[PDB]
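Given as structure tokens, the chain that follows is alone and in the form deposited in one PDB entry.
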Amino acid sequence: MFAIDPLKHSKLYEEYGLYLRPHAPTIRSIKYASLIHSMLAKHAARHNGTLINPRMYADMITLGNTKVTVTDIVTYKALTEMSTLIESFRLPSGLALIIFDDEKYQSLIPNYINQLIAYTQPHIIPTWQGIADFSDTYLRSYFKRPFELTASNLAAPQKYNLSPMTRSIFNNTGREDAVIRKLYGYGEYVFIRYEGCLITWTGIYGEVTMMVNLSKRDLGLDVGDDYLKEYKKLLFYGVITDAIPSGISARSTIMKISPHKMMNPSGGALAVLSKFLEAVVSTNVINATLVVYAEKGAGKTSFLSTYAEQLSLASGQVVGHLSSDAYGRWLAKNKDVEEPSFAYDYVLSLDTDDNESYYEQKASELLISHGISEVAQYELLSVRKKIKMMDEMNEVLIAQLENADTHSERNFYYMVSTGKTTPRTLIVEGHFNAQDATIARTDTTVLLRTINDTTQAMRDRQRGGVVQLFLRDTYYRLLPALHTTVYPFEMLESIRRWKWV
């Protein structure tokens, strides 16, 4: 007994590559569970959406060891009804409740089924990369079993004992399903449809897998291509499924590409991101601000500028975007000026990459007082020697966060957000969690992850690669994942799911 009835939502299982076997003891069992679902939903609707004895229900269905019979009568009327149905099945045991290990699947389970799970031992089928393992006991008996066709495997369906009633086809030959179906005689077989990609690269430490939310045709990449080619599509739609740090870098090439199941955005992400879209749309809010935290070197500026245009076009309003280096580049110029300017157009013009930050000048002279001038001297230090230097860099950061003075960080973001000519919608980037008390007064702060080894993009760069790697470690030590984590493909998905006007 699956948690979602496959006879009703058969298109939902086809997303996972699960096609129902045609129309046996297993054919009889999937029809029985479909009658139990209809009975349970009819019983739940009669008391405010709840089952009155979720433990008796769970024991009758999943253990099959309870009988209720009339020989009070109104309190056990629903349990007497479910009892005679299950008696008519004459099963040797009870129907086990089956769940997937997917977040999308769990979001679609009915409410009355969720009330049973507390009083059952469910059978949870794991998923590797969003796809449940087809070798499971229940998945093998109820659905068709996939057969993966590759390039070293392409032959007629006769070379193997394949039947169209027990096998589905996963075309991984790189060729069209129409050529495979006609030039090789798979006309009577059902092909599974995957819309994403699953790329495997070469990493510094090994091989890295990445899931992308684009089709293999839309994403113009083949085996052997480069990481920098089509980089913005990977960054906008890709999520690396390895442990951090992965070894991905600008020297990676593709070893294998395959169609894969397309990823679902997280629920906690779409909730906090749509909490920001409420403020953008509402008229009871004057200033709206989304704070975005990320690691140094993630490529968040390249993305959050495109996210800001897609939000301005959909909302119809002007959206401002301060970089994470906005205050430090301003402070480098106006640290001695007694009455500096806080105009949005002045701050925006200092936010270019050719302006040096105030924090980069202090960490540069700090690394010299210890004798560090190259990346190789820094990577040779022990952990305790590095941490002892970050504690001195923490003294330079605390001095700009401690008060609200003219050149403080809190006053900067106050005079910029509350300015007359500043856009009503702002997107501010941050570096560490302590800037919570200084950056604009908001209700929505997120942490952005990309497909980027941040320590690898910092040591494989120019323009002061040792200060950039040192500040990346200093900020990392101040930025846990205590705010909601989002991906670039989830932040774009929230704009599309919102109903504008």
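All residue numbers refer to positions in the sequence shown, first residue = 1. The term rigid core refers to the most C-alpha atoms you can superpose between the two forms while keeping them within 1.5 Å.
This protein has a second form, the form deposited in another entry, left out of what is shown; the following refers to that one.
- Core superposition between this form and the one not shown leaves every listed residue (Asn161, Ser152, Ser88, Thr421) with a C-alpha shift below 2 angstroms except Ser88.
- Annotation: Cα of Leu447 displaced by less than 2 Å between this form and the one not shown, core superposition.
- A movement of the C-alpha atom of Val466 falling short of 2 angstroms is seen between this form and the one not shown when the two forms are aligned on their rigid core.
- Annotation for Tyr57: C-alpha shift of 2 angstroms or more between this form and the one not shown, rigid core superposed.
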